[PDB]
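Examination of the molecular architecture
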Amino acid sequence: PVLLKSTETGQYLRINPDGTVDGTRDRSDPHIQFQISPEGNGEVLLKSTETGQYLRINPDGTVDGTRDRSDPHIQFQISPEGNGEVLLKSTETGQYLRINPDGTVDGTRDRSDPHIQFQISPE
Ligand SMILES: [Cl-]
């Protein structure tokens, strides 16, 4: 699995079993493990290793987990930023995943927001 870490706040993305999504600095939490899988030829899904839930950014900017494979709001594009950092962009809504200093996770279209930078790393 891989971990998805906010560069700015050092928080890892987590999908909780209740479907909520937040950030944590608890490296020991198995819920921070993700599988990145292909969706068609040019996109990915971000799936919780432990719960099987997919990350979703909803049109209203909320971010949650779902097991509804038919919802196109689970599709992402990973875009290299540098150096080693990437942005995680919802294809359906054009929003970037963001972890806020308070541990909340949401979406934004502000590409210059520093809280949208992630580093993907092997666990
Ligand atoms: Cl905050």
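The deposited coordinates, according to the entry record, derive from X-ray crystallography at 1.65 Å resolution.

What to know about the environment of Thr20
Secondary-structure assignment places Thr20 in the loop between strand 2 (12–15) and strand 3 (21–24). The class for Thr20 is partly exposed, based on a relative accessible area of 39%. Residues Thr20 and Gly65, spaced 45 residues apart in sequence, show a C-alpha to C-alpha distance of 6.2 Å. The residues touching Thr20, leaving out its near neighbours within four places in the chain, are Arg14 and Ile15. Within the structure, the side chain of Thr20 is placed 2.6 Å from the side chain of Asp18, a separation counted as a polar contact.

Observations regarding the nonpolar core
Grouped together as the largest cluster of nonpolar side chains are 18 residues, with contacts concentrated most on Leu13, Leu55, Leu88 and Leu97. Elements with a minimum of two residues in this core: strand 1 (2–6), strand 2, strand 5 (43–48), strand 6 (54–57), strand 9 (85–90) and strand 10 (96–99). Not counting residues up to four positions away in its chain, the partners in contact with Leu88 are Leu4, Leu13, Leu46, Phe76, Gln77, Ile78, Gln95, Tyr96, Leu97 and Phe118.

A short note on unusual backbone geometry
The omega angle of the peptide bond from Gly82 to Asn83 is -5°, so this bond is cis rather than trans. Inspection of the secondary structure assignment puts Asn83 in the loop between strand 8 (76–80) and strand 9.

Re the environment of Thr51
Within the secondary structure layout, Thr51 lies in the loop between strand 5 and strand 6. According to the relative accessible area criterion, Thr51 is buried, its value standing at 14%. Between the C-alpha atom of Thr51 and that of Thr66, which follows or precedes it by 15 residues, the distance is 9.9 Å. With near-sequence residues (within four places) excluded, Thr51 lies in contact with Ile15, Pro17, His31 and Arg67. Polar side-chain contacts of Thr51 include one of 3.0 Å to the side chain of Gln53.

Let's talk about a nonpolar patch on the surface
Taken together, the side chains of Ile36, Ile78 and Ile120 define a hydrophobic patch exposed on the protein surface, amounting to about 180 Å² of accessible area. What makes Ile78 partly exposed here is its relative accessible area of 31%.

Comments concerning the side chain of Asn16
Examined against the element boundaries, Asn16 turns out to sit in the loop between strand 2 and strand 3. For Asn16, a relative accessible area of 16% puts it in the buried group. Once residues lying within four places of it in the same chain are set aside, the contact partners of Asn16 are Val21, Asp22 and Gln53.

How each quantity is defined
Residues numbered from 1 in each chain as written, not as in the entry; some residues may be left out. Heavy atoms only, no water. Helix = DSSP H or I, 4+ residues; strand = E, 2+ residues; numbered from the N terminus. Buried < 20%, exposed > 50% of the residue type's maximum accessible area, 1.4 Å probe, protein only. Contact = heavy atoms within 4.5 Å. Polar contact = N/O pair within 3.5 Å; in protein donor to acceptor, adjacent residues only side chain to side chain. Core = buried A, V, L, I, M, F, W, Y, C linked by side-chain atoms within 4.5 Å. Patch = residues over 30% accessible without salt bridge, like charges linked within 9 Å, V, L, I, M, F, W, Y side chains within 5 Å. Areas by Shrake-Rupley, 256 points an atom, 1.4 Å probe, with all protein chains shown as cover. Salt bridge = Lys/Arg side-chain N within 4 Å of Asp/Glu carboxyl O.

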